[PDB]
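One chain comes next, on its own, written out as C-alpha cells in the form deposited in one PDB entry.
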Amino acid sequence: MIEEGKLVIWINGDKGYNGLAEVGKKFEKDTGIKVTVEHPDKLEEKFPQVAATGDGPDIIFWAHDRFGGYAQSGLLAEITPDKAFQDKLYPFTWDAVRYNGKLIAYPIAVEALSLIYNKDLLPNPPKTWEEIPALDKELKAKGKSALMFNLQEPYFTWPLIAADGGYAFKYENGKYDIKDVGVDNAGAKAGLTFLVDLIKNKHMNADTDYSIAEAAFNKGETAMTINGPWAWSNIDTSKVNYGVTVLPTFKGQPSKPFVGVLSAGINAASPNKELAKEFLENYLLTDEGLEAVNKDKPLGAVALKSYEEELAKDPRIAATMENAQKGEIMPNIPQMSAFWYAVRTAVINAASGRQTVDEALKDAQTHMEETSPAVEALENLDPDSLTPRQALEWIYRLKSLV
C-alpha cells in the first residue's frame, strides 16, 4: 500500500514489531493515520528491489550497514531533524546514518553480539574459543553441548573470522579502501578453520540456524549461545538462569563483532514523508515509544540519551557495549552488500564441506574484487516476486547501472 494517508512500516521478524505496532496504535489514535507494521522475509533485499520501482513501505527498519547502498540508489529521503532533536541522540549514532553528507535515516539502537551462557550448566564460562572442544566433550557425556549459534548468517561467525585479522575493507585515514579487502587473508583463514574444525570434530552442526540454536539454549540443551539483545526476552520466558558476557578470544585476541545501529529510513517514493517524520521523531524516539518496543524485544543500547541513561545500568547492556568496543561499527558503504553476500556463501560452503576453507575464502575475495552493480544487481534480484512491469524497469535500470 503505497497509499498516501497511511504509513506502512517494515522491520525484521526478530525485533519488537508488536511493540512498534503499539506505537502505531498511539499514532492512529492521536492522528487518525493508520500504521501497518509488517515483518516480511529477507526485507533488506526486497526493499531495494521494490523501492527501485517506487513501491515498498514508507518506513524501513534495518541495521545501518545497508543504508548507504540505499541512499546511493536514490532510495531514501534526506531526513532533516532540527538541532533540538538531533541533540537527543548520541552523536555517534547520527554518524552511522550519514551518507555522502546527508542524514538518511533515524538511528534507533546500538546492537552487538554477546556470549550468553547458562549459569546453572556453566557458572564460569570459557574466556577462549580454544577451550570449547574440551568443554563440549564434557557436556556431551551428559547429553548436552557447549555451544550452538546461528551458523547460517555471517554476522554471527564474523567476530571469530575477524579475531586474528580478517576484515571487510581496509580503514586508513577516514576512508575505506574498497580495493583492499581482507576475507582471504591469514587471519580470516585461521578463524574459519577453527569453526570448521568444531564441526569436523562434532562439536557443532553446519546446519544449525537461528531458531535451532534459540530453542536449544532456551530449553537447557546447550550451555552457550551467541546473540544480540533482541534475544533476551525469549530467554526470560524460558526461566533459564543466564548471563551475558564478553565473546571468547581466539588466538589470544578478542572476537571483534560487527556493530550495527538499528535505523529507520523513509522511502524516497513515499507520499507520506511528513507523517513518517512525525511518527519517528515524536512517537518512536521517545522514552515511551522506545519502551513499548524494548519491552517487546530488547533494542540494545538505544540512540536516545534520556532512555539510554536507564538501560545503561543493565549489566547485559554493559556487556553488549563491552563487546561493541572490541569490534567495529559497520561501514555503510555500498559495497557492504557484496561483502555479506560473499562471506555468507564462504561460511556455508566451508561448514558443509563442499569447499575447503581456502577455496571458500578465495572465491569470497574474488566475488568482492569482481563487484559491480550489473552482475551484483542480478545477484540480489528475486524475479519470483517481480511483475513484468517491475522486471522491465529493472532491465533498463540495469542497462543504466551499467
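Residue indices: 1-based, along the sequence shown. Take the two forms, find the largest set of C-alpha atoms that superpose within 1.5 Å, and that set is the rigid core. Only residues modelled in both forms are compared.
Heads up, the form deposited in another entry isn't pictured, but that's what we're talking about next.
For the residue set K189, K297, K256, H203, core-aligned C-alpha shifts between this form and the one not shown reach 2 angstroms or more at a single site, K297. Relative to this form, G101 and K179 approach one another in that other deposited form, with their C-alpha atoms ending up at least 3 Å closer.
Look at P91 and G327: in that other deposited form their Cα atoms come 3 Å or more closer than in this form. Taking the core as fixed, the parts between this form and the one not shown where three or more residues in a row have CA shifts of 2 Å or more are 2-110, 261-314.
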